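Worksheet for the structure shown next.
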Amino acid sequence: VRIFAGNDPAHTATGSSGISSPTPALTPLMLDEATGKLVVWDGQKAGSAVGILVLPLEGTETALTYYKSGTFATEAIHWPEXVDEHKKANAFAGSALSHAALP
Amino acid sequence: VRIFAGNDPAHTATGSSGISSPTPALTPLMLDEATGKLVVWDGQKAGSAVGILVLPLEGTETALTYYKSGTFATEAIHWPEXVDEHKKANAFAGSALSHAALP
Amino acid sequence: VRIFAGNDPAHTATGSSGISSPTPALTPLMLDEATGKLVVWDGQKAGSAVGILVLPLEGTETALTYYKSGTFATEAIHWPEXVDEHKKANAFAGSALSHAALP
């Protein structure tokens with residue numbers, strides 16, 4: 001049940017939430033360009049996951065807390081269904097986040 | 001007059017500047033895609049602010065210094081006029097920068 | 001032969017590789033949007049270099065290791081031929097990476 005796969009500090013940040021339904025912790029997040037808010041990462045593009053949710057949401061919150069850095073265990077993250085294995089590997093590329101198999 | 005709202009190290013970087021007028025410190029920056037240079041963040045998109053200016057510019061400089069990490073106090077940053085509250089909250093999402101209300 | 005130009009920790013990450021030919025260490029990387037894999041940064045856009053290769057590749061590897069943070073010496077990096085001086089200066093803007101002249 002280990003969440004990290006590396007020792008680099010895992011810093012958190014807050015942001016405006018566009019999530020409108022319950023969402024578990026360790027969900028990757030992306031920006032919604034129409035609103036500028038953070039929503040669940042849809043898996044469509046590598047590099048567009050900009051955060052990993054820290055606290056579960058109920059879907060009513062205007063703000064959320066996310067990890068903006070750290071190295072996560074791949075298996076701990078709640079990935080979107082259907083995600084492409086390469087886009088999953090490189091979900092966070094370009095941010096300070098990364099992930100790796102423990103395994 | 002506190003500039004930071006968190007303890008994560010605030011690292012700086014240098015970059016090529018496209019700014020041609022005086023600009024105060026703690027201004028968010030974006031890339032200009034036509035030139036590749038750093039300019040003032042226009043507020044149009046969340047996640048496109050890639051830096052926060054460290055030293056004031058006069059507008060003649062070919063290079064600038066910017067913060068590439070850290071957690072800033074929202075009120076300390078010199079935001080662009082008109083900015084959308086959500087795009088402002090998520091200005092830096094995807095970078096190692098973030099900001100929060102002290103308040 | 002110094003590779004770093006600053007003291008901020010240089011963290012590494014792994015990612016899915018789309019590189020199919022030998023590639024030296026300290027090569028900047030970008031995402032290929034069609035596949036989601038990491039490939040050599042082509043120099044076309046500032047901010048699209050998301051990593052710097054840590055280990056040389058032979059071109060057969062499905063995964064690679066890259067730096068996701070740190071301040072590099074400009075001269076140590078293996079830049080793409082033809083790169084624009086401004087796009088080169090700002091190659092990594094928006095990531096936790098940066099570079100500077102030692103010189």
Side-chain angles (χ1 to χ4, degrees), chain A residues 4 6-20 27-55 57 60-72 87 90-99, chain B residues 2-13 15 26 28-31 33 36 38 41-52 66-77 79-103:
Chain A
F4 308 98
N7 39 257
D8 48 307
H11 300 132
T12 64
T14 55
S16 166
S17 178
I19 295 181
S20 58
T27 296
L29 305 171
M30 67 181 173
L31 293 159
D32 189 345
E33 228 287 48
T35 60
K37 301 176 173 181
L38 286 161
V39 297
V40 176
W41 183 61
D42 58 15
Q44 283 330 295
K45 294 190 19 150
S48 68
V50 294
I52 294 172
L53 184 66
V54 180
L55 308 145
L57 301 158
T60 54
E61 303 90 344
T62 56
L64 53 75
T65 298
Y66 60 101
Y67 292 111
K68 59 165 186 181
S69 70
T71 300
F72 288 76
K87 295 184 180 183
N90 297 336
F92 308 109
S95 74
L97 300 148
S98 50
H99 73 94
Chain B
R2 181 200 232 213
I3 297 217
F4 308 98
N7 39 257
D8 48 307
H11 300 132
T12 64
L26 306 182
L29 305 171
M30 67 181 173
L31 293 159
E33 228 287 48
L38 286 161
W41 183 61
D42 58 15
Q44 283 330 295
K45 294 190 19 150
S48 68
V50 294
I52 294 172
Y66 60 101
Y67 292 111
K68 59 165 186 181
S69 70
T71 300
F72 288 76
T74 300
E75 315 84 357
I77 288 163
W79 298 106
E81 282 192 340
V83 73
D84 177 288
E85 297 301 329
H86 310 129
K87 295 184 180 183
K88 163 175 176 182
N90 297 336
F92 308 109
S95 74
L97 300 148
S98 50
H99 73 94
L102 292 169

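Numbered from 1 within each chain, the chains take letters A, B, ... in sequence-line order.
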Shortest non-hydrogen contact between [X] and [Y], atoms and distance:
X: A:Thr12; Y: B:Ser98; result: O-OG, 4.5 Å
X: B:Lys87; Y: A:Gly36; result: CG-CA, 4.0 Å
X: B:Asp84; Y: A:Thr35; result: OD1-O, 4.2 Å
X: A:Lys68; Y: B:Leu97; result: NZ-C, 3.8 Å

Next item on the list: Apply side chain to side chain contact (heavy atoms under 4.5 Å, CB included) to B:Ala91 and list each qualifying residue two or more places apart in sequence or on a separate chain.
Entry: B:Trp41, B:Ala49, B:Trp79

Next item on the list: Please flag which part of A:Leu38 lies under 4.5 Å from any non-hydrogen atom of chain B: side chain, backbone, both or neither.
Entry: both

Item checked: Side chain, backbone, both or neither of A:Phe92 within contact of chain B (heavy atoms, under 4.5 Å) -> neither

Next item on the list: Could you grab the distance from atom NZ of A:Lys37 to atom CD of B:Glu85, nearest 0.5 Å is fine?
Entry: 11.5 Å

